[PDB]
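I have placed the structure first, in the form of structure tokens, so that the comments after it can refer back to it.
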Amino acid sequence: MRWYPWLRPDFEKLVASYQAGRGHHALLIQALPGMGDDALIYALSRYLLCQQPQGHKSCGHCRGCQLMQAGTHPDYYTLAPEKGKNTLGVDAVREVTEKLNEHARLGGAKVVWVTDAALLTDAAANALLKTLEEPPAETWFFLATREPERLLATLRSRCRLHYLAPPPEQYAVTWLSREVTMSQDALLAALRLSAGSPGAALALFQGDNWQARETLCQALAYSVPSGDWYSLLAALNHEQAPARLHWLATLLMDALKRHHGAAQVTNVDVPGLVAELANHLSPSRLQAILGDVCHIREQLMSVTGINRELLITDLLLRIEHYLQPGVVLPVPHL
Amino acid sequence: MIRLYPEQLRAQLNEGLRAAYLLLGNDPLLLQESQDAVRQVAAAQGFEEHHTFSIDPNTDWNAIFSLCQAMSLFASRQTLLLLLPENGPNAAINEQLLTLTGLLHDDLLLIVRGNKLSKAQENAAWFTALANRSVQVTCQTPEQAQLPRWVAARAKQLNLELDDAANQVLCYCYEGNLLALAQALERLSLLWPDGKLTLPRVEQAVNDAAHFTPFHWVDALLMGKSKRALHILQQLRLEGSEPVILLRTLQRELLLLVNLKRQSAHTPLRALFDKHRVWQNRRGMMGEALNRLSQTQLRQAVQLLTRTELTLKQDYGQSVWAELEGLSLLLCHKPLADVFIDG
Amino acid sequence: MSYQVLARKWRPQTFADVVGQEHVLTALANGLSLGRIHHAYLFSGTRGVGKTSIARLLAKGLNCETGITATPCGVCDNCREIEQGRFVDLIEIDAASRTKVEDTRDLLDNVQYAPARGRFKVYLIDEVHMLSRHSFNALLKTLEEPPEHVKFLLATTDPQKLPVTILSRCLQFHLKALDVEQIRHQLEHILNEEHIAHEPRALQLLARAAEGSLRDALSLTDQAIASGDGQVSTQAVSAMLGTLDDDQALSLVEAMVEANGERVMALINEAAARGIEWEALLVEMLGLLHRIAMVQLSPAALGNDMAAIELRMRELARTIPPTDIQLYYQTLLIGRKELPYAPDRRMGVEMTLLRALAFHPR
Amino acid sequence: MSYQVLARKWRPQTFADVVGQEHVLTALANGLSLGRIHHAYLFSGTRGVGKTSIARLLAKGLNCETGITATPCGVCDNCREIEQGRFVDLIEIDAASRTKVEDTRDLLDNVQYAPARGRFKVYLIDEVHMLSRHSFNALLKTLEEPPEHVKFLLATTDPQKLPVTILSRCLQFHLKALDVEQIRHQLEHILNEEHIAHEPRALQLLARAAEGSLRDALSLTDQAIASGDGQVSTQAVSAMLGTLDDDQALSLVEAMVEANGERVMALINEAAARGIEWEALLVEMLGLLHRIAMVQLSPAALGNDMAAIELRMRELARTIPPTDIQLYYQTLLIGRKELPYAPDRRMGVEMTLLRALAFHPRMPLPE
Amino acid sequence: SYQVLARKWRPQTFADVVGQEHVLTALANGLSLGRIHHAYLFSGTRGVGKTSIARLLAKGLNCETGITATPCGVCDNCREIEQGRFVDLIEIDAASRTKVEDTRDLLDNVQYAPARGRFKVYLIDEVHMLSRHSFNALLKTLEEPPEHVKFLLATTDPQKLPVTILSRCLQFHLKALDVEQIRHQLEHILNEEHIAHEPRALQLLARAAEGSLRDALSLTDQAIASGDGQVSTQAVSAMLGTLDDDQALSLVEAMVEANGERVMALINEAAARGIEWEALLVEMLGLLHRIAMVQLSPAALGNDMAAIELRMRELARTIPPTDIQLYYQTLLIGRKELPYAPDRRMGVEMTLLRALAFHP
DNA sequence: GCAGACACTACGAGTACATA
DNA sequence: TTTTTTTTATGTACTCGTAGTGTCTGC
Ligand SMILES: Nc1ncnc2c1ncn2[C@@H]1O[C@H](COP(=O)(O)OP(=O)(O)O)[C@@H](O)[C@H]1O
Ligand SMILES: Nc1ncnc2c1ncn2[C@@H]1O[C@H](COP(=O)(O)OP(=O)(O)O)[C@@H](O)[C@H]1O
Ligand SMILES: Nc1ncnc2c1ncn2[C@@H]1O[C@H](COP(=O)(O)OP(=O)(O)O)[C@@H](O)[C@H]1O
Ligand code: BEF
Ligand code: BEF
Ligand code: BEF
Ligand SMILES: [Mg+2]
Ligand SMILES: [Mg+2]
Ligand SMILES: [Mg+2]
Ligand SMILES: [Zn+2]
Ligand SMILES: [Zn+2]
Ligand SMILES: [Zn+2]
Ligand SMILES: [Zn+2]
């Protein structure tokens with residue numbers, strides 16, 4: 001958690017709406033992961049819950065700010081998946097809803113914030129529906145998603161939406177280079193892979209993701225000219241398998257797009273690699289491999305508890321089958 | 001401690017009773033027979049207070065009550081029985097049994113019954129405390145190749161003759177289930193006082209009740225025993241085993257097969273088996289499989305298993321069992337499954 | 001007047017009145033006539049095949065005044081008394097109702113008391129697969145050192161639900177599901193022992209539809225007599241079964257393979273007269289085609305699950321080339337994929353069957 | 001006097017007033033006449049075809065004053081409370097509200113006590129497929145050998161949920177869904193008895209709308225009466241159902257197979273003026289295509305409710321190939337798949353019609 | 001409820017609801033005559049009004065004047081319903097009381113006489129989330145409830161409902177609201193709230209609501225909170241991500257010509273200007289639809305298609321309808337799969353690559 | 001008068017199982 | 001011999017252990 005400069009306008013606007021008593025109780029943030037998703041929600045919640053003598057800033061002396069910094073306030077509910085789970089169960093939602101009918105202990109307003117509204121199971125969202133539509137007078141909600149459409153349609157209606165604009169790419173590169181010391185092309189590539197959203201591109205360098213990406217690039221450089229797509233299984237099977245699959249998908253998209261001679265490339269840090277991908281693979285084969293990789297990535301994320309070893313191994317075996325001449329490629333279908 | 005076999009348990013009890021007996025194993029029949037023998041011999045030698053006391057994590061822990069207190073009525077020696085969990089004791093139970101063995105009357109006999117315990121429970125303080133005086137007897141189900149000798153021995157125990165066809169039929173019908181095997185031998189003894197069991201009698205006096213574990217199915221597929229494989233799958237369907245366990249048990253060996261076939265064209269099998277950490281009993285197994293199935297059948301099997309797993313964990317379908325039968329057909333044997341059972 | 005149900009009044013009372021299952025009757029007769037009687041018999045079977053009746057007969061035989069014999073006299077006061085519900089030594093425990101250990105203790109403490117009348121206090125615990133874990137522990141403690149004067153008789157439907165330790169101390173008699181011929185023979189005897197006219201074809205249909213259990217056969221016989229105006233005619237039983245048919249799958253796939261459009265239409269109409277989820281019907285039809293394609297590869301594919309429709313299925317496997325089965329499975333799968341978006345589920349499944357029927361013949 | 005729901009006012013009160021289900025009524029009446037009374041009945045079948053009503057009628061027949069009579073002799077004292085539902089001995093058990101075994105045990109404890117007034121203490125267990133497994137196992141033995149003065153009537157939608165050991169020891173009566181003609185005739189009787197004017201086409205639409213039930217049909221008729229000014233008129237039924245009668249969609253399919261886009265779009269505009277749901281238009285057209293396929297395969301497949309257009313049906317049955325019918329059906333089915341994702345539902349339907357027109361295998365659009 | 005729309009603007013009389021002529025007519029005729037029922041089931045998509053019509057029926061049933069079609073207005077046993085100080089009514093959000101125990105508790109408290117009013121009305125909102133055992137529990141009571149209780153059920157969709165529950169209730173299908181009805185209601189609200197509004201921005205809001213009125217109100221509130229506290233065309237256009245230029249047509253032409261570099265540079269520039277991708281795809285489908293419509297008759301040039309007639313005219317002359325249908329199908333599949341993509345931009349890229357490969 | 005003695009009712013947990 | 005073991009979100013029962021309450025008696 002850290003503050004971002006580009007969050008300052010949105011924050012101000014939204015808080016300016018809240019101070020007048022006109023802001024909607026149910027706010028749905030569209031911020032991309034790594035963007036000012038949690039920082040904005042925390043800032044707004046801290047402003048709302050405690051007193052506001054200083055205006056839109058933080059009055060750290062008041063007991064409300066003290067409880068926020070201690071993280072022990074009773075009227076600041078957080079909906080998060082537990083350590084041992086991934087989705088957000090309906091039991092926590094039901095319990096928080098029952099707790100909401102209780103009047104505020106401190107006599108101030110109430111705030112209920114969900115860490116990520118996409119993680120809700122259908123029952124959880126349905127349970128929230130009634131409280132979102134008709135909440136107690138002291139209550140304000142805050143939702144966080146990457147994709148509003150992935151949410152339940154009825155819940156996506158009751159909650160007023162709000163969008164965070166990704167910063168211009170030059171501004172993003174300027175901000176990233178300040179505290180991250182990498183090459184300009186590598187920095188641009190990391191920014192583009194994260195859909196222009198900082199933090200996530202910063203997260204690629206801060207964590208161990210970048211070394212994994214480089215290992216993946218080396219493995220592709222070894223595999224593509226030989227048609228031996230196996231031995232990629234080691235570079236792909238991981239707790240971040242969707243992210244590395246997305247990296248592979250970006251590489252394939254870059255190859256296919258450069259085949260048409262497009263101006264800009266998603267993967268600029270490794271022009272030789274994408275050039276090799278263009279050389280050794282037919283455009284139809286590249287398109288089929290890209291489609292299959294994206295589909296299996298969606299399979300990995302959607303269904304829960306699926307053994308990834310089997311899925312990535314099957315994907316690689318099917319890719320090796322595709323590279324063989326005289327093989328019918330699949331057709332995208334409804 | 002003494003590590004012993006069910007055959008020699010009679011001699012071990014005859015020479016002299018030890019402080020405690022740990023009868024362990026996966027089969028019910030041999031465990032029951034050993035426990036009955038121990039109880040009878042203890043009663044012959046002066047043990048009368050017999051207590052059955054399940055250990056399973058629950059609201060049942062007061063065994064200490066029966067050992068700290070001398071018997072007022074008679075100087076009757078006591079016998080305590082413990083039924084270990086399906087996976088063995090945990091850390092809390094480990095220390096609780098360590099406390100239990102911290103104090104034991106010389107006239108108190110301890111009986112513990114459960115499945116095999118790995119090194120994780122073997123090196124626990126409880127077992128190390130028991131390592132001096134207690135005698136542990138292992139009772140394991142004889143393998144499918146070892147069953148006929150055991151059945152012959154049991155027939156000789158009851159003064160019966162079976163020739164060879166009846167022995168094969170009984171081994172097939174009650175494979176991996178010795179309890180039903182002994183009960184059926186007793187039933188055949190009751191049916192014909194002549195004792196000359198033949199096929200035209202054991203054929204209709206037998207059941208199909210069999211027991212299995214996914215390893216048997218995987219090995220049956222590897223050897224290509226089609227009828228045995230389908231029989232195991234049907235028996236597991238009747239038993240109600242979780243399909244996911246079968247899926248994973250096959251997936252491990254199938255990934256190993258895929259990798260070994262991939263590496264076979266460049267490296268000799270002797271080095272590959274050592275590098276891939278393969279058990280010594282399975283080497284030939286793997287060899288046969290590798291020399292039988294090409295990478296095309298392996299890729300088709302992987303596609304089939306992937307479709308099975310995805311339809312299991314996404315569509316919540318019930319077509320899992322028929323699909324695993326299809327995989328059995330497509331694995332070592334006859335690969336057809338043309339799209340029909342190939343996605 | 002009071003016409004007792006055929007399921008009750010025709011319960012056997014001697015071992016000679018028990019159909020088939022000789023592998024258990026002979027064993028029990030040899031055990032009783034000789035001295036070898038185990039301390040606890042556990043009876044197993046499938047859905048009304050003769051477990052409780054044989055257990056009651058065994059309890060009758062154990063306590064007969066003439067002595068422990070294979071054949072009870074049926075005349076002494078004990079035979080008459082156990083014949084009816086009332087008797088002291090034989091304790092009939094509905095284990096499925098008194099599952100709690102609190103109720104089980106009140107009846108397993110009676111073992112310490114002497115039998116009032118007969119040699120053995122016999123506990124007939126019916127539906128034993130329902131007891132609670134603690135009750136099972138209590139019953140195991142009783143069975144570990146049972147008194148010489150008490151014999152336990154346990155009857156159940158699913159033996160494997162029992163814990164292994166209790167099963168290890170019981171001699172288990174597994175009762176075979178009755179064959180079609182034995183069913184038909186016993187049904188003919190039952191009908192002839194009473195005043196019910198019949199036609200042999202009707203009894204053949206009853207036996208085949210009884211799924212190898214005498215209770216099912218007798219229930220269907222009473223239903224047929226009721227709807228048959230006091231006479232069991234072939235047409236009455238056939239029409240009733242048509243009202244009761246559930247295997248629309250195999251018949252419909254037979255018609256679809258043979259390409260009888262009118263038969264497919266009639267069978268769809270019949271399956272619409274009965275409330276049937278079309279998705280379930282289609283998916284299990286896919287399963288039947290899957291099993292057919294498997295049997296194409298190896299005769300051992302058809303396990304013991306589908307023994308009631310083995311012959312037909314085997315025929316359908318033998319007479320049809322595998323390629324047609326693969327094509328039928330493909331078209332049925334794609335029809336089921338688009339099924340929920342059709343006009344109606346009935347409507348969509350109808351046209352899916354039409355698509356599958358237009359190929360190969362016609 | 002007063003206005004109570006048809007679904008509860010017109011519940012059958014005798015075996016004469018139960019429409020259809022000839023086999024179950026015949027078997028029950030015949031068995032009661034012969035005196036052969038089984039001690040466990042299980043009425044299966046789809047929703048709203050009379051299993052609860054038939055069971056209550058069986059209770060009437062069993063507990064009637066004059067004796068065990070197949071036909072309940074009108075209204076006697078022991079039948080008045082059955083009609084009012086306050087009977088001393090007919091124990092209605094909402095099994096879904098008593099699924100726990102600790103309630104079936106209480107049910108079984110008092111089973112032996114003699115009936116207060118009736119000949120039998122008929123236990124009517126509504127929704128028997130909802131009892132917990134323990135309660136099932138509890139009632140096994142009491143079903144096997146019940147006391148001579150108790151009977152069990154079990155009614156459920158799907159018997160498959162019940163353990164087979166319960167299906168064994170009880171009679172299984174299966175109530176087939178009623179035919180369209182049965183529903184239409186019963187509805188004509190009901191609307192005549194209510195002194196309400198009605199239109200034959202309206203009642204045919206009511207019969208077709210309900211899937212072989214009756215209480216669903218009665219509910220939809222009551223909703224029609226609400227939508228109309230106390231009258232069931234064809235326009236009111238068309239509005240409430242959202243259907244296209246049998247003419248407009250036929251005009252659509254006739255124009256589409258004629259490859260005349262102008263009339264297709266003109267009727268699309270008219271249907272928009274009719275204020276009708278677009279997916280309803282698509283589903284009606286798909287149903288018409290399927291009916292064409294059915295009549296092409298089976299020569300005699302049209303019911304009476306389509307007779308008004310039957311002739312035109314046969315025209316398409318003699319003019320268009322089966323392959324073209326399949327092509328149109330699959331094209332419009334993908335159109336249905338894609339419609340919720342088009343920019344506008346009207347726009348999507350226009351695109352689906354134009355797609356069926358462009359891939360017309362006989363008169364495709366010029367390139 | 002300070003200034004949140006669609007909460008302080010809940011309808012309070014039958015004359016105030018928007019559209020729903022059939023449902024309102026049926027309910028009014030039932031109330032006016034004796035034709036009352038014990039299970040009404042209002043089903044329809046989001047924000048068409050299920051709960052509101054339910055509450056209006058409840059107010060009409062329990063009014064001091066008696067069974068009245070139009071609710072009175074000023075009275076105690078109607079203002080209490082409006083404020084939630086109700087005792088004859090029971091609102092249960094079934095999505096929270098899914099447990100069968102709570103449903104059995106409800107059925108246990110169904111015999112008790114109401115404290116006030118003639119009917120104890122149980123409003124079960126979000127019916128389809130009840131667990132199956134709860135549904136079976138409610139089944140018998142719905143079949144034949146006591147004369148003094150009436151059930152009202154509202155669900156987003158009836159598919160999840162067990163078919164028996166459908167066969168128990170009177171089904172009222174709330175049709176989605178057309179563009180004109182939504183626009184009229186929003187203009188009426190803004191006029192009654194004295195908020196500056198512009199007809200074009202109002203049309204964009206009505207178009208983006210997708211036939212659900214609560215969405216229209218929420219979008220109006222988002223516009224009000226944005227901009228300068230007033231509804232203006234520029235602010236609404238900016239926030240909705242709508243495109244009002246010929247970028248869509250240029251992209252269609254480039255994709256038809258398969259000009260890869262140009263057709264990708266167009267998407268790159270669109271991302272630079274930040275055009276929302278779902279709207280861009282929707283307009284692409286609209287333009288292809290106009291192509292297909294013109295191929296039947298040039299009068300199906302959408303009005304005068306702004307001022308770019310020629311282009312589409314030219315396009316309508318150069319591409320066979322088969323390729324147009326192929327492009328439309330590919331674009332629609334891409335729109336369906338667009339949410340299930342790592343990010344919308346690259347999903348639109350996938351859709352464009354799929355569309356370009358048909359020898360364009 | 002008073003624990004105290006049951007006597008009973010409720011609740012948690014361990015466990016089984018259903019559905020999707 | 002040998003060690004080897006899996007999806008989950010949610011809901012529904014059943015059974016035992018143990019606390020909290022009532023009352024009722026011979027204390
Ligand atoms: N072997 C048999 N001989 C005669 N009748 C039988 C036999 N088995 C079952 N039945 C019939 O089925 C009815 C119920 O039998 P029962 O023995 O209770 O079956 P279960 O094994 O399921 O308890 C009996 O009344 C009898 O009519
Ligand atoms: N066979 C039938 N004959 C006449 N009315 C019927 C019939 N089946 C259903 N109904 C109508 O439906 C109403 C309720 O029927 P019911 O018997 O409860 O169906 P269910 O089988 O679903 O419980 C009855 O009041 C009656 O009007
Ligand atoms: N027909 C309508 N007339 C007026 N406002 C409506 C209408 N439908 C929905 N709304 C608005 O939507 C808000 C929620 O309506 P509601 O009736 O709860 O929809 P639902 O059917 O989805 O529960 C209401 O507060 C009202 O502002
Ligand atoms: F009485 Be049996 F076990 F069906
Ligand atoms: F009992 Be029915 F399903 F209305
Ligand atoms: F939001 Be509504 F109840 F569908
Ligand atoms: Mg029985
Ligand atoms: Mg009913
Ligand atoms: Mg609602
Ligand atoms: Zn503060
Ligand atoms: Zn006798
Ligand atoms: Zn009468
Ligand atoms: Zn009022």
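Every chain in the structure tokens takes a letter, A first, then B, and so on in the order presented; its residues are numbered from 1, and the ligands are numbered from 1 following the presented order.
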
ask   = What are the residues of chain G that have an atom within 12 Å of an atom of chain E, counting only C-alpha atoms (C1' of nucleotides), as a PyMOL selection string?
value = chain G and resi 10-13

Restricting the output to N, CA and C atoms (P, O5', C5', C4', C3', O3' and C1' of nucleotides), write the selected residues as an mmCIF file, in the first residue's frame.
data_model
loop_
_atom_site.group_PDB
_atom_site.id
_atom_site.type_symbol
_atom_site.label_atom_id
_atom_site.label_comp_id
_atom_site.auth_asym_id
_atom_site.auth_seq_id
_atom_site.Cartn_x
_atom_site.Cartn_y
_atom_site.Cartn_z
ATOM 1 P P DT G 10 -19.895 -19.818 -0.275
ATOM 2 O "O5'" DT G 10 -21.137 -20.752 0.060
ATOM 3 C "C5'" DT G 10 -22.064 -21.069 -0.950
ATOM 4 C "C4'" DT G 10 -23.095 -22.042 -0.426
ATOM 5 C "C3'" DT G 10 -23.474 -21.836 1.039
ATOM 6 O "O3'" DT G 10 -24.799 -21.335 1.118
ATOM 7 C "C1'" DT G 10 -23.200 -24.150 0.475
ATOM 8 P P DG G 11 -25.558 -21.222 2.527
ATOM 9 O "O5'" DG G 11 -26.341 -22.604 2.623
ATOM 10 C "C5'" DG G 11 -26.922 -23.152 1.454
ATOM 11 C "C4'" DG G 11 -27.480 -24.534 1.720
ATOM 12 C "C3'" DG G 11 -28.168 -24.702 3.070
ATOM 13 O "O3'" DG G 11 -29.289 -25.517 2.904
ATOM 14 C "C1'" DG G 11 -26.513 -26.316 2.849
ATOM 15 P P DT G 12 -30.405 -25.590 4.046
ATOM 16 O "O5'" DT G 12 -30.367 -27.110 4.504
ATOM 17 C "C5'" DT G 12 -30.391 -28.135 3.538
ATOM 18 C "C4'" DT G 12 -30.459 -29.484 4.214
ATOM 19 C "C3'" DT G 12 -31.055 -29.456 5.613
ATOM 20 O "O3'" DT G 12 -31.788 -30.635 5.830
ATOM 21 C "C1'" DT G 12 -28.877 -30.297 5.728
ATOM 22 P P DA G 13 -33.051 -30.631 6.814
ATOM 23 O "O5'" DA G 13 -32.692 -31.772 7.856
ATOM 24 C "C5'" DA G 13 -31.341 -31.997 8.176
ATOM 25 C "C4'" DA G 13 -31.044 -33.472 8.261
ATOM 26 C "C3'" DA G 13 -31.281 -34.062 9.622
ATOM 27 O "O3'" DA G 13 -31.378 -35.450 9.517
ATOM 28 C "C1'" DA G 13 -28.959 -33.797 9.258
#

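The residue set within 12 Å of residue 321 (chain C), counting only C-alpha atoms (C1' of nucleotides) and dropping same-chain residues fewer than 6 places from it, reads residues 257, 292, 293, 295, 296, 297, 315, 327, 328 and 360 of chain C.
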
Residues of chain F within 12 Å of chain C, counting only C-alpha atoms (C1' of nucleotides) - could you list those as a short mmCIF file (atom, residue, chain, number, x, y, z; two decimals) with N, CA and C atoms (P, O5', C5', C4', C3', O3' and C1' of nucleotides), in the first residue's frame?
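See out10.cif below for the written result:
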data_model
loop_
_atom_site.label_atom_id
_atom_site.label_comp_id
_atom_site.auth_asym_id
_atom_site.auth_seq_id
_atom_site.Cartn_x
_atom_site.Cartn_y
_atom_site.Cartn_z
P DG F 14 -14.70 -30.92 15.97
"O5'" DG F 14 -14.28 -32.42 16.26
"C5'" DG F 14 -15.11 -33.24 17.07
"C4'" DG F 14 -15.70 -34.37 16.26
"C3'" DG F 14 -15.13 -34.53 14.85
"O3'" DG F 14 -14.89 -35.90 14.60
"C1'" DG F 14 -17.49 -34.28 14.75
P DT F 15 -14.30 -36.38 13.18
"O5'" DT F 15 -15.59 -36.83 12.39
"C5'" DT F 15 -16.62 -37.52 13.07
"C4'" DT F 15 -17.79 -37.76 12.16
"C3'" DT F 15 -17.42 -37.96 10.69
"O3'" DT F 15 -17.91 -39.21 10.26
"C1'" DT F 15 -19.20 -36.39 10.93
P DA F 16 -17.60 -39.75 8.78
"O5'" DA F 16 -18.94 -39.39 8.00
"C5'" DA F 16 -20.15 -39.36 8.72
"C4'" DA F 16 -21.31 -39.66 7.81
"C3'" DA F 16 -20.93 -39.90 6.36
"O3'" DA F 16 -21.85 -40.78 5.75
"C1'" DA F 16 -22.05 -37.80 6.60
#

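The neighbours of region 26-30 of chain C here are the residues that come within 10 Å of it, using only C-alpha atoms (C1' of nucleotides) and leaving out any residue fewer than 3 positions away in the same chain; they are residues 186, 187, 188, 189, 190, 191, 192, 193 and 205 of chain B; 15, 21, 22, 23, 33, 34, 35, 36, 37, 41, 54, 58, 61, 68, 69, 70, 71 and 173 of chain C.
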
When you get a sec, could you note down which chain D residues fall within 6 Å of chain E, using only C-alpha atoms, as an mmCIF file with N, CA and C atoms, in the first residue's frame?
data_model
loop_
_atom_site.group_PDB
_atom_site.id
_atom_site.type_symbol
_atom_site.label_atom_id
_atom_site.label_comp_id
_atom_site.auth_asym_id
_atom_site.auth_seq_id
_atom_site.Cartn_x
_atom_site.Cartn_y
_atom_site.Cartn_z
ATOM 1 N N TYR D 3 -64.703 -14.586 -4.026
ATOM 2 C CA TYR D 3 -63.936 -14.956 -5.219
ATOM 3 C C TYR D 3 -62.631 -15.599 -4.752
ATOM 4 N N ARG D 47 -45.727 -32.032 -11.814
ATOM 5 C CA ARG D 47 -46.425 -31.141 -10.896
ATOM 6 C C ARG D 47 -47.811 -30.779 -11.412
ATOM 7 N N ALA D 96 -41.780 -31.914 3.892
ATOM 8 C CA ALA D 96 -40.713 -30.930 3.778
ATOM 9 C C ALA D 96 -40.556 -30.107 5.048
ATOM 10 N N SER D 97 -41.602 -30.003 5.861
ATOM 11 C CA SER D 97 -41.529 -29.306 7.136
ATOM 12 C C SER D 97 -41.217 -30.233 8.301
ATOM 13 N N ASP D 216 -51.403 -25.264 -12.925
ATOM 14 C CA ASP D 216 -50.709 -24.243 -13.699
ATOM 15 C C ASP D 216 -51.654 -23.622 -14.722
ATOM 16 N N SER D 219 -54.041 -21.406 -12.873
ATOM 17 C CA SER D 219 -53.368 -20.176 -12.474
ATOM 18 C C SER D 219 -53.247 -19.214 -13.646
ATOM 19 N N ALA D 226 -57.719 -11.758 -14.674
ATOM 20 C CA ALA D 226 -57.245 -10.488 -14.138
ATOM 21 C C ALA D 226 -56.863 -9.523 -15.254
ATOM 22 N N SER D 227 -56.153 -10.011 -16.273
ATOM 23 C CA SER D 227 -55.703 -9.133 -17.350
ATOM 24 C C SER D 227 -56.877 -8.601 -18.158
ATOM 25 N N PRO D 343 -25.981 -5.440 -30.433
ATOM 26 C CA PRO D 343 -26.155 -4.068 -29.928
ATOM 27 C C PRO D 343 -27.584 -3.754 -29.530
ATOM 28 N N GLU D 367 -24.151 -11.015 -55.032
ATOM 29 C CA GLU D 367 -22.872 -10.497 -54.564
ATOM 30 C C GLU D 367 -22.453 -9.267 -55.357
#

message = Residues of chain F within 10 Å of chain B, counting only C-alpha atoms (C1' of nucleotides), what are they? List them as a list in words.
response = residues 13, 14, 19 and 20 of chain F

query = Hey, which residues come within 6 Å of ligand 1 if we count only C-alpha atoms (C1' of nucleotides) and all ligand atoms? Could you give them as a PyMOL selection string?
reply = chain C and resi 7-8+10-12+17-19+47-53+214-215

request  = Would you return as a ChimeraX atom specification the members of region 121-285 of chain B that DSSP assigns to strand (DSSP E or B) on this structure's backbone?
outcome  = /B:135-139,161,196

task = Compute the set of chain A residues within 7 Å of chain G, using only C-alpha atoms (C1' of nucleotides), and express it as a ChimeraX atom specification.
result = /A:304-306

ask   = Hey, what's within 8 Å of region 288-298 of chain A if we count only C-alpha atoms (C1' of nucleotides) and toss same-chain stuff fewer than 6 positions away? As a ChimeraX atom specification, please?
value = /A:242,245-246,248-249,252-253,311-312,315,319,322,329-332 /E:340-341

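Those residues that approach residue 217 (chain A) to within 12 Å, counting only C-alpha atoms (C1' of nucleotides), are residues 210, 211, 212, 213, 221, 222, 223, 224, 232, 235, 236, 244, 247, 248, 250, 251, 252, 267, 269, 270, 271, 272, 273, 274, 276 and 277 of chain A; same-chain residues fewer than 4 positions away are not listed.
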
task = State, in Å with one decimal place, the distance from CA of residue 217 (chain D) to atom 23 (O, counted along the ligand's line) of ligand 2.
result = 13.6 Å

request  = Write out as a PyMOL selection string the residues lying within 8 Å of region 54-62 of chain A, counting only C-alpha atoms (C1' of nucleotides) and excluding same-chain residues fewer than 4 positions away.
outcome  = chain A and resi 12+15-16+46-47+50+66

message = Taking only C-alpha atoms (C1' of nucleotides) and all ligand atoms and a cut-off of 12 Å, can you tell me which residues surround ligand 7, written as a PyMOL selection string?
response = (chain C and resi 7-8+11+43-56+92-96+124-129+154-158+213-215) or (chain D and resi 137+139-145+165-166+168-169)

request  = Within 12 Å of chain E, which residues of chain C are there when counting only C-alpha atoms? Please give them as number ranges by chain.
outcome  = C: 275, 277, 340

Suppose we keep C-alpha atoms; can you now write the selection as a short mmCIF file (atom, residue, chain, number, x, y, z; two decimals), in the first residue's frame?
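The resulting result05.cif:
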data_model
loop_
_atom_site.label_atom_id
_atom_site.label_comp_id
_atom_site.auth_asym_id
_atom_site.auth_seq_id
_atom_site.Cartn_x
_atom_site.Cartn_y
_atom_site.Cartn_z
CA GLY C 275 -42.36 -35.52 -16.10
CA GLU C 277 -35.94 -33.58 -17.32
CA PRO C 340 -31.09 -25.09 -23.65
#
